[PDB]
Ligand SMILES: *Cc1ccc(C(=O)O)cc1
């Protein structure tokens, strides 16, 4: 049984600018099987009102989703994306930079 | 294997309920119920794309179905109406686009009054002496008369065994009163054999009509015998004179 | 117009924790339809599908999908029996067609077991390519049914393309629109010893975009770093390309999007 | 997924050929079927066409032009057993199965030595019936307009042990005075 670990990418809808209303994206792709768990963390803290695209299907048989939330960036606030998958021996946290 | 549909024949009174049963051992997902009426294509009543679902066809009113299992697709008549006089065909198919396998049909007649139900009289007519002399062949005719509904199977038995060779039975019973809505029916058959076979006195020829009418259960407050499901026969013996 | 495609996926899972069965359709990158073993209903995933297809379309495809859900469960169980496989595995189907920019068409049908190529249809030779010996068993049964092969070819070449054209019209204001990319180049000391040129595009639809870096406007550069075409969440997309350089040649970013070529020199 | 037309009825001679046309109008198509339904039996699958062209299966061929909305079922070396109704049906884009009203195929036997005659048969218990037999397959039997008079369809029997086929019709009456010449003209 061959399983594919998810690629995890964290970025803003628009170019970030501290104190301007934006959106924080976590795009989770290339993984198999379909069973995945995703959080957006603000300074290690799980964010509650978080949305996600429905499970999407790729031609190579892998899956992808988008996690997103409306957010205002600042200099002191650290945002990140935590993903668990059967392929991972522990959650993977990816920090947003810039 | 195939599609097992029951009953083959049924008479109902206006208002009566019934269930046609239909079973297939082919693992087919798709089962269908059709009615076939003179001069029009099969019309779908209900279908089922698999166990756990059903949906209306083009003519569902007065019927219902269930599909709790792959094997079975029963058709419920809620309240028999004369408009429901028809031949019903159950069908299955592996898939939405694959060929249909059909059951052998249910011929259903709905009457306002079970007092119009009559079994057949049966007579055998012996071969003409002129046919025998001119052709060295001998045509027996059977005539089933005075029956309603038109639910009969006519068979020829020669010395206790059913025959097919030399037999022609009318495809459809004929109305004795063609005007009348609920006319009683007649049906003819022919059995043709050689003169030498007809002339052997060992030969017993029986015309047998299986009639589908009332059951032992059904209520019957009427002078004449209860017109039940029954075989009516007439017979002739060969003659050497 | 450009290339458009219609694709339908099926996912089956034996012993889910997750639905047993999900189906989703796509026109290009856009979900149009969904169905799963929990809702047991075919639902639109785009407003322009909801608005142009009467209820009887949803009701009829609801019934067909209840059928496909049952066939998929039986088929999967069979594949696990063939393999001596126990516990959870995935069966997957993908069918679809493209209407290319030149008016010519493609069609594809394939299955996956646990996310691996199991069976691929060639609609030209009317044949299934099998990856292993259980595939080659199903290959046989399937290739013995000429009516099924021919039905499939006809589906992919006639029906699929006619559906795709039908859905393209319904969704034209979404699917045939262009949001041209906003492209910015900046030069950044990113880390100690590293100075880099970023060519960043965003706000674009459709998502298909070509971005490269050129040296003296002749040579395409060999050492380019690429940012994936990523959904921004607003129905538009974003991407970048970057190159490292000597703080002191003219470098240029080239972007091709929806029939428009763009050059940015530093 | 709209309309389908076939002939009500066709008549052809044993040993010969018949082509049963089926015309259909649809926006959407997933194939065209022919089924055979013998009198008093269930339909059985004959053929499936979805691509343009001719499919041969023994004595039977099925043709489709997708662009002309047109199929025919061709039957060669016609036999008496081919007598039945032929149902044309197609699938629309949504797998709705739309059925034609069917075509009744009547096969006339090749009567080599016509020997037309009317015979009267007495009841074995006794009453009589009339038999018109041994007539050519091109003979009209006029279904009567006298009301106490019953005349059946022509019926073809095969005495398989003698390799002899014959057409018959039967007539009877509830009237004491009824001659067998009054029947059949
Ligand atoms: C609506 C719908 C859903 C799935 C498919 C498929 O997988 O073939 C087709 C149509």
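Each residue's number is its place along the chain shown, starting with 1.
Positions of Cβ are set from backbone N, Cα and C atoms, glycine also.
Swiss-Prot has this to say about the protein:
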DISULFID  A:26-A:81  disulfide bond
DOMAIN    A:6-94  domain 'Ig-like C1-type'
CARBOHYD  A:2  glycation site
CARBOHYD  A:20  glycation site
CARBOHYD  A:42  glycation site
CARBOHYD  A:49  glycation site
CARBOHYD  A:59  glycation site
CARBOHYD  A:92  glycation site
CARBOHYD  A:95  glycation site
MOD_RES   A:3  pyrrolidone carboxylic acid
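Positions of the features from Swiss-Prot, shown on the structure.
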{"residue": "A:2", "record": "glycation site", "Cβ neighbours (10 Å)": "7"}
{"residue": "A:3", "record": "pyrrolidone carboxylic acid", "Cβ neighbours (10 Å)": "12"}
{"residue": "A:20", "record": "glycation site", "Cβ neighbours (10 Å)": "11"}
{"residue": "A:26", "record": "disulfide bond", "Cβ neighbours (10 Å)": "26"}
{"residue": "A:42", "record": "glycation site", "Cβ neighbours (10 Å)": "14"}
{"residue": "A:49", "record": "glycation site", "Cβ neighbours (10 Å)": "7"}
{"residue": "A:59", "record": "glycation site", "Cβ neighbours (10 Å)": "12"}
{"residue": "A:81", "record": "disulfide bond", "Cβ neighbours (10 Å)": "23"}
{"residue": "A:92", "record": "glycation site", "Cβ neighbours (10 Å)": "16"}
{"residue": "A:95", "record": "glycation site", "Cβ neighbours (10 Å)": "10"}
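Here the C-alpha separation of residue A:92 (glycation site) and residue A:81 (disulfide bond) works out to 8 Å. The CA atom of residue A:95 (glycation site) is located 6 Å away from the CA atom of residue A:81 (disulfide bond). Closest by Cα distance to residue A:2 (glycation site), from the recorded positions A:20, A:26, A:42, A:59, A:81, is A:59. The two recorded residues residue A:42 (glycation site) and residue A:81 (disulfide bond) have their Cα atoms spaced 9 Å from each other. Under DSSP, the residues of the domain 'Ig-like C1-type' (A:6-94) split into helix, strand and coil as follows: 0 helix, 49 strand, 40 coil. Among the recorded positions A:2, A:26, A:42, the ones whose Cβ sits under 8 Å from a Cβ of chain C are, in sequence order, A:2.
Per Cα geometry, A:59 is the residue among the recorded positions A:20, A:26, A:49, A:59 nearest to residue A:3 (pyrrolidone carboxylic acid). Nearest Cα neighbour of residue A:81 (disulfide bond) among the listed glycosylation sites (A:20, A:49, A:59): A:49. Residue A:20 (glycation site) sits 19 Å from residue A:49 (glycation site), counting Cα to Cα. Across the fold, the C-alpha of residue A:49 (glycation site) and the C-alpha of residue A:26 (disulfide bond) stand 14 Å from each other.
Cα-Cα distance from residue A:59 (glycation site) to residue A:26 (disulfide bond): 21 Å (rounded to the nearest whole number).
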